Amino acid sequence: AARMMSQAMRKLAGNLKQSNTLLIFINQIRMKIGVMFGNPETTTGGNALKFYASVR
DNA sequence: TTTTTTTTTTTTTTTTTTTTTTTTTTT
């Protein structure tokens with residue numbers, strides 16, 4: 001799923017800018033197990049979306 | 001090269017405090 005999302009962002013980012021189209025992804029929260037330091041909260045679908053997003 | 005994923009489950013009692021009020025003559 002993380003790989004699928006990483007391939008999709010690469011392709012979309014160029015096309016969206018060219019057509020002046022806004023894309024909104026809704027995402028859910030998950031817990032990371034075995035965490036002492038920081039927030040245990042994360043999101044689904046890997047790390048690519050965090051990078052490519054202009055607003056979160 | 002290429003990329004994360006997702007919570008689990010309650011445990012166990014502690015200690016006493018303080019007195020109120022008279023009643024009735026017998027030859």
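Worth knowing before you read on, the calculation uses all heavy atoms, side chains too, and leaves out hydrogens, waters and symmetry mates. Naming: A, B, ... by sequence-line order, numbering from 1 per chain.
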Novice: From CD of A/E41 over to P of B/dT7, roughly how many Å is that when rounded to an integer?
Specialist: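 Rounding to the nearest Å, CD of A/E41 and P of B/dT7 are 11 Å apart.
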
Novice: Quick check on B/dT3: is either OP1 or OP2 less than 4.0 Å from any side-chain nitrogen or oxygen of A/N47?
Specialist: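 Looking at the OP1 and OP2 atoms of B/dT3, neither is under 4.0 Å from any side-chain N or O of A/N47.
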
Novice: Please give me the minimum heavy-atom distance between A/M9 and A/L49, naming the atom from each residue.
Specialist: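 Scanning both residues completely, I find the closest heavy atoms to be SD-CD1, 4.0 Å.
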
Novice: Which way does the sugar of B/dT18 pucker, north or south, judged by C1'-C2'-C3'-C4'?
Specialist: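 Torsion sign positive, so north.
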
Novice: Take the protein atom CG of A/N39 and the nucleotide atom P of B/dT7, then report the distance between them rounded to whole Å.
Specialist: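 In whole Å, B/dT7 P lies 14 Å from A/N39 CG.
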
Novice: With DNA chain B as reference, determine whether A/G34 or A/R10 sits nearer its 5' end, using the nearest nucleotide of each.
Specialist: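 Result: A/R10.
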
Novice: From CD of A/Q7 over to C1' of B/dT3, roughly how many Å is that when rounded to an integer?
Specialist: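 Distance check: A/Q7 CD to B/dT3 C1' gives 12 Å.
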
Novice: Can you tell me if the side-chain N/O atoms of A/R3 get under 4.0 Å from OP1 or OP2 in B/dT5?
Specialist: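 Looking at the OP1 and OP2 atoms of B/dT5, neither is under 4.0 Å from any side-chain N or O of A/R3.
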
Novice: Can you check the A/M9 CE to B/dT4 P distance for me, whole Å?
Specialist: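 Atom CE in A/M9 sits about 13 Å away from atom P in B/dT4.
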
Novice: Might you point out which heavy atoms bring A/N39 and A/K32 nearest each other, and give the distance in Å?
Specialist: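 It is O-CD, 3.7 Å.
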
Novice: Separation of A/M5 atom CE from B/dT2 atom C1', in whole Å?
Specialist: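 From A/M5 CE to B/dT2 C1': 16 Å.
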
Novice: Base, sugar-phosphate, or nothing: which does A/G45 touch, judged by heavy atoms less than 4.0 Å apart?
Specialist: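 Result for A/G45 = sugar-phosphate.
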
Novice: Please report the shortest heavy-atom distance between A/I29 and A/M31, naming the atom on each side.
Specialist: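 Nearest heavy atoms, A/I29 then A/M31: CG2-CE, 4.2 Å.
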
Novice: Nearest 0.5 Å please: distance from the CG atom of A/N27 over to the CZ atom of A/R56.
Specialist: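 With rounding to 0.5 Å, CG (A/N27) is 8.5 Å from CZ (A/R56).
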
Novice: Could you state the atom-to-atom distance from CD of A/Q28 to P of B/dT7 in whole Å?
Specialist: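 Atom CD in A/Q28 sits about 11 Å away from atom P in B/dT7.
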
Novice: Membership question, hydrophobic clusters at under 4.5 Å side-chain separation (ILVMFWY): are A/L16 and A/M5 in the same one?
Specialist: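 The answer is yes; both residues are in one hydrophobic cluster.
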
Novice: Can you see which heavy atom on A/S6 is nearest to which on A/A48, and at what distance?
Specialist: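 Closest approach of A/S6 to A/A48, heavy atoms only: OG-CB, 3.6 Å.
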
Novice: Send over the distance from A/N27 CG to B/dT5 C1', rounded to a whole Å.
Specialist: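 Going from A/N27 (CG) to B/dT5 (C1'), I get 14 Å.
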
Novice: Return the CG to CD distance between A/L12 and A/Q7, rounded to the nearest 0.5 Å.
Specialist: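 A/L12 atom CG to A/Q7 atom CD measures 10.5 Å (nearest 0.5 Å).
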
Novice: Within this structure, what is the CZ-to-P distance between A/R30 and B/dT8, rounded to whole angstrom?
Specialist: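 Going from A/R30 (CZ) to B/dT8 (P), I get 12 Å.
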
Novice: Centres under 5.5 Å and planes under 30° for the six-membered rings of B/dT10 and B/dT11?
Specialist: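 Base stacking between B/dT10 and B/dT11: present.
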
Novice: Only Watson-Crick and G-U wobble pairs with both distances less than 3.5 Å should count. Give DNA chain B in dot-bracket notation, marking inter-strand partners with |.
Specialist: ...........................

